[PDB]
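Novice: this one is an experimental structure. Sequence first:
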Amino acid sequence: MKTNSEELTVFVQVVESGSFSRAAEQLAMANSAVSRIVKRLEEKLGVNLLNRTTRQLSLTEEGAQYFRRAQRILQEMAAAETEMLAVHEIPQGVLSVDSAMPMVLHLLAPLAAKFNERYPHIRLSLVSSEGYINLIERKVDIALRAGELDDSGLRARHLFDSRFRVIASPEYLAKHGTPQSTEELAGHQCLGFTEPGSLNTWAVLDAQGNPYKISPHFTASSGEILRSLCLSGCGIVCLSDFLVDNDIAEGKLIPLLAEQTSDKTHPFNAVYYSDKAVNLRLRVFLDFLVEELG
Amino acid sequence: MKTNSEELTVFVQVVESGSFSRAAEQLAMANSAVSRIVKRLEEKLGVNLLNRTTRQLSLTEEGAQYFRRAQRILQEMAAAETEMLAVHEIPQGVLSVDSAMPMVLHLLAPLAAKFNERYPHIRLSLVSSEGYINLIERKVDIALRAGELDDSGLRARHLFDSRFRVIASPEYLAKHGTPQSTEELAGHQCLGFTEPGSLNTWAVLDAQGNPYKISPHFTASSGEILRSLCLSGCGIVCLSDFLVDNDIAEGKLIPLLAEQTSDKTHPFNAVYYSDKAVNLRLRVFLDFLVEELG
Amino acid sequence: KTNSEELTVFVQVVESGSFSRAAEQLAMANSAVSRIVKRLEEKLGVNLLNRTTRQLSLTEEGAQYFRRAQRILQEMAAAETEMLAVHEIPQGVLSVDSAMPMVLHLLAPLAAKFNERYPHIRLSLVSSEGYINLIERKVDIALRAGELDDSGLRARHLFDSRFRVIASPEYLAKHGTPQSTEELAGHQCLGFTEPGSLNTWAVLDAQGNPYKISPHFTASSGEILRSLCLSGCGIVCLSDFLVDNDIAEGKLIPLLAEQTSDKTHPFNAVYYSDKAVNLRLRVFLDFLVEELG
Amino acid sequence: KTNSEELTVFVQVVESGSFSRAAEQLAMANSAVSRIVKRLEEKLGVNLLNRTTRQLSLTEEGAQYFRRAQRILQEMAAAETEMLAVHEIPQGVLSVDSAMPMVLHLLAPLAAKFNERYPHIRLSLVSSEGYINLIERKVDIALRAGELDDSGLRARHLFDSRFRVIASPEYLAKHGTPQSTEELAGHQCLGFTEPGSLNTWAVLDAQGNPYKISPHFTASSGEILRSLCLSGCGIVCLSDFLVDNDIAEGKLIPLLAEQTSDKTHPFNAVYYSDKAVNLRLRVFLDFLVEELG
């Protein structure tokens, strides 16, 4: 093990905190030092992590593959620290997590039985709103959202990456047939969101290679409603993977245009206020959360 | 034939809209004028519907059986009113429903399949919200809400009735015991709502004959969340029967305290504007909903 | 915004001959009947009737809402009768002359449930052919697929029913299943003894004409035919309620489903108006309208 | 607030026996190693040391940080090899010397997947009993239930395992299922030939001590004791990995599930520090830790 935390932290800093210059200032260090250690890291690793040929230094396929592990090492290190901190310092008090309805049902609910056995002293308070209004008002403590519009000095925590899907019920397929291409999606039944075309642009690519927009028959607000409608056989809906993965494993929803669907994932991340980070009750939950959903 | 729809409509109101007083209030009529009618309605049938022996009037054994008939008459009268309104007009356009998550997932979702085919020109918009604010602002057309705080001139069309059912998981009960008495509940995990003392007052009669008030450990802000907490062994929870009657039939959930749980039924209704009742689109959706959940 | 006071007036004017005559039965003027009838088809949003003719006619919208409006008013009376029979208990012998297959496949099953609800009515289920017993008052209420009730006596709609050509699976296995209506002429087809009246089935051919059969076996009843059919004697065609049950159990197979007519035929209890005040008769009918349809 | 150097000290100190014995394998002063563990405990604020025991014992609280600190380092070493892997396609012979049970139960089934993943590594699976040939460099790596590897030959932690007392349904039918640890005395128990060592089963008697079986049959290998158990020769106590799937198939039945101890014992790979330059080795370890961990 020729690497250390000091350069696994530093490297992970550069990526997330913009680039080289913004990380040096962030971690109370010189730029000269930030390059020295990172160039050493990629030197001793034997591979080139990031490119200087990008305007803003972007990670290579190799260096990105490292970063995801580089994160978990620092995370479950930091997490295992908290674990020990809470051994003498009793972890208690109310905690509220405003999550999207699907995330609560499929992720939070089942694992909430295990969190109770570890920390039965923490009064959990799962809630469900719409925007980041609630999270910041301290009536909600932490927000589990797949949204990268978190930049108001607030803290975000990477929970998991997860790409979209496109699926339909067996009922619908047996009667209305299957779309061979994405252009045949014009002559089928669609499932989109109530919001003004924000998520209605799917992760499937048309003959041009552009992200395929749609004309929704039904417009459900929540992601779970869409799922229950697509289960029932109201048409074809596009959602995130975790929300519908098991049903593909079951057989209740059959994927189509599997080759056309783009594979670029979107990060789901628990956002919170920086001064609430000193509270152990928040910490123990985040350190509990990111680990259970790799 | 002697009974007139006027007095049938008076009777169906007074029953499901509380007592003698609260009915006349909602129907633009005096209590002296309303009870004049209903007293005549009894004394031509030769039988006693009301029963004011107890504090609030309740239905006699015969008084309820006339209600069941009384309601359907007025229902499928309105349906044939509708059936003709959709002769020289046709149901087309965006229909924006604002329902509680429990309902859209369980009731609407598996019925959209049917509702789709019959009215394929209707663009259904399944939205969801906490308050009635949106509907007042007419950004949603119709809201399905189990709430009887709608004495606002805006119509409140009954849909169905629902008993509560205290339920747990077979993993939870077989690994934390099954409470026999209603006093043994204090030592079991009791999941409730996030709202201070609202529905956390469970409808299960204690040893004195009163609704059981619960100190909630977990506090979920939705009925559907409380289900998936309980379904995966997090504590026993009290919700409406339609939400979980299917699960307990499958055998994945267990009914708790059959005798000590109350039998009176909570009415759910689709509330909306009086002026927006003239919409053939909105009319055929409430017609569909009554004659699919009854 | 509808009401009984007007729904009753429309349900009268249709069945009560012409507009002028409807006012005579309801004990109200012709100035009244026009006001409320015109007001109903105003608040329905449709023109129900057509008064260009000397005798008012039914526009399909008016004729459909009628067969709804009727039931609403039927139910509304059934509701009242249901109460009056609380403290004025219906009792005694109520005889019900009925077509053998109606008794066996509809009544018999429901009888216990009706027994329960009104234990003091001793039913007397019987069978005859004509309307001779009923018109002579030897029976209280006749159950028929019966339009021939032109003799002043009342008729109450129970249910409309489709036809279904079928055959036993063992016959179909041993004689093959016909793919066409004209293919029937090869198979063994069973019909009624009554010359040709009912042996033009409701299964259209290439022409679009309902198929006549030349039967070799002839029973005098739908029930006997049903029994022959089940034993694999041939193909019959009967009403849906005789055989729908056996389709479920898989003892009979639907034949020529697409070629089989979708038109339905009505069933009625027929009885006397003066016998309409019979509180038990009334309750038995309300019971059947409830269970069937 | 922690760092990697102090994890890698603590994890050695614990797993490498003594406190002074770690520093001479870690290439550090006994002064410096104590400074670091005193530092680590300071910033964590929890005892990992238990100097009250002759040898340093793991604080039940600090014992958790070890198995957390152990993985971090394992992962942290996988990231590296993973990066190195992209350049060099690892090849040649890799000699793995394991116990007959580990090979037949852990490697054998996972061999397929590894084969596909690095087709140019020609695995050679052997089985010797000592660390003789590991030391002579006639084998590259040895998987053991090894808590006695302390000759400056760095050892990696594959997995922790529980014991289980189990027996054949055939045997249990013919000799009954014992409800208490004392009842074993009448049942026949099958143990190791090697004087009394693994004849102290991980199931506690009423007192609180373990049980000491007095075996009639004596097999030399936990795999033979597995085949003897299956044939219903009697009750045996082996590690969980050696029997879990037979319990999964209902071919073996678990006994005394409650009196059985929930304490785990470790299996470790054993190779030279200088042979961590291999990619063939590194990737096979990274594989074994990943699949079964």
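Specialist: Perfect, I can see it now. Numbers count the residues shown, from 1 in each chain, chains lettered A, B, ... in the order given.

Novice: every contact and neighbour count from this point should use C-alpha atoms.
Specialist: Will do.

Novice: grab the nearest non-local neighbour of residue A:50.
Specialist: residue A:59 (4.0 Å; C-alpha to C-alpha, 6 or more residues apart in numbering or on different chains).

Novice: what sits against the nearest residue to residue A:235 once chain neighbours are set aside?
Specialist: Computed as C-alpha to C-alpha, 6+ apart, the closest residue to residue A:235 that is not its neighbour in sequence is residue A:189, at 4.8 Å. For residue A:189, the contacting residues are A:216-217, A:234-236, by C-alpha atoms under 8 Å, 6 or more residues apart in numbering or on different chains.

Novice: if we can go back for a sec, could you pull up the residues touching the residue nearest to residue A:50?
Specialist: Here residue A:59 is in contact with A:15, A:49-51 (C-alpha under 8 Å, 6+ apart).

Novice: among the residues you listed, the buried ones, what's the ChimeraX command?
Specialist: Here is the ChimeraX selection string for the buried members of those, based on 16 or more other C-alpha atoms under 10 Å in any protein chain shown:
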select /A:15,49,50
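
Novice: which one of the contacts of residue A:59 is nearest to chain D?
Specialist: residue A:49 (9.6 Å; C-alpha to the nearest C-alpha).

Novice: returning to what we had before: could the contacts of residue A:189 go into CSV alongside neighbour count?
Specialist: Shown next, in CSV, are the contacts of residue A:189 (neighbours: other C-alpha atoms under 10 Å in any protein chain shown):
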residue, neighbour count
A:216, 23
A:217, 21
A:234, 29
A:235, 24
A:236, 28
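
Novice: quick one: buried residues of stretch A:185-203?
Specialist: A:185, A:188-194, A:200-203.

Novice: so which residues of the stretch 151-294 of chain A form helices?
Specialist: For the stretch 151-294 of chain A, applying DSSP state H, counting those that start in this stretch gives helices covering A:170-176, A:223-232, A:241-250, A:280-292.

Novice: quickly compare these and say which is most buried.
Specialist: Highest mean neighbour count among the helices of the stretch 151-294 of chain A (mean count of other C-alpha atoms under 10 Å in any protein chain shown): helix A:223-232, with a mean of 24.

Novice: counting by contacts, list what that one packs against.
Specialist: helix A:101-103, strand A:167-168, strand A:190-193, strand A:236-237, helix A:241-250, helix B:109-118 (3 or more C-alpha pairs under 8 Å, 6 or more residues apart in numbering or on different chains; DSSP states H and E).

Novice: one more time with 7 Å
Specialist: Contacts defined by 3 or more C-alpha pairs under 7 Å, 6 or more residues apart in numbering or on different chains; DSSP states H and E place helix A:223-232 against helix A:101-103, strand A:236-237, helix B:109-118.

Novice: now distance to chain C too, for these, in JSON lines please.
Specialist: Output for the helices and strands packed on helix A:223-232, formatted as JSON lines (distance: least, C-alpha to the nearest C-alpha, whole Å):
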{"stretch": "helix A:101-103", "distance to chain C": "41"}
{"stretch": "strand A:236-237", "distance to chain C": "31"}
{"stretch": "helix B:109-118", "distance to chain C": "19"}
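
Novice: closest to chain D out of those?
Specialist: helix A:101-103 (27.3 Å).

Novice: could you check how far stretch A:149-161 is from the centre of its chain?
Specialist: 10 Å (C-alpha atoms, centre = their mean, to the nearest Å).

Novice: typo on my end, it should be stretch A:88-101
Specialist: 20 Å.

Novice: give the buried residues for it.
Specialist: A:91-92, A:95-101.

Novice: three-state assignment of residue A:94?
Specialist: Three-state call for residue A:94 (DSSP: H, G, I helix; E, B strand; the rest coil): strand.

Novice: secondary structure class for residue A:144?
Specialist: strand.

Novice: which ones are touching it?
Specialist: By C-alpha atoms under 7 Å, 6 or more residues apart in numbering or on different chains, the residues touching residue A:144 are A:98-99, A:268-271.

Novice: now, which of the residues you listed lie within strands?
Specialist: A:98-99, A:268-271 (DSSP state E).

Novice: before we move on, back to that, and the residue nearest to residue A:50, how close does it get to residue A:75?
Specialist: Using C-alpha to C-alpha, to the nearest Å, one gets 20 Å for the distance from residue A:59 to residue A:75.

Novice: repeat that for residue A:68.
Specialist: 11 Å.

Novice: tell me which of those two has more neighbours.
Specialist: residue A:75 (20 against 14; other C-alpha atoms under 10 Å in any protein chain shown).

Novice: okay, and the more buried one sits in which element?
Specialist: Secondary structure assigned from DSSP states H and E places residue A:75 in helix A:61-88.
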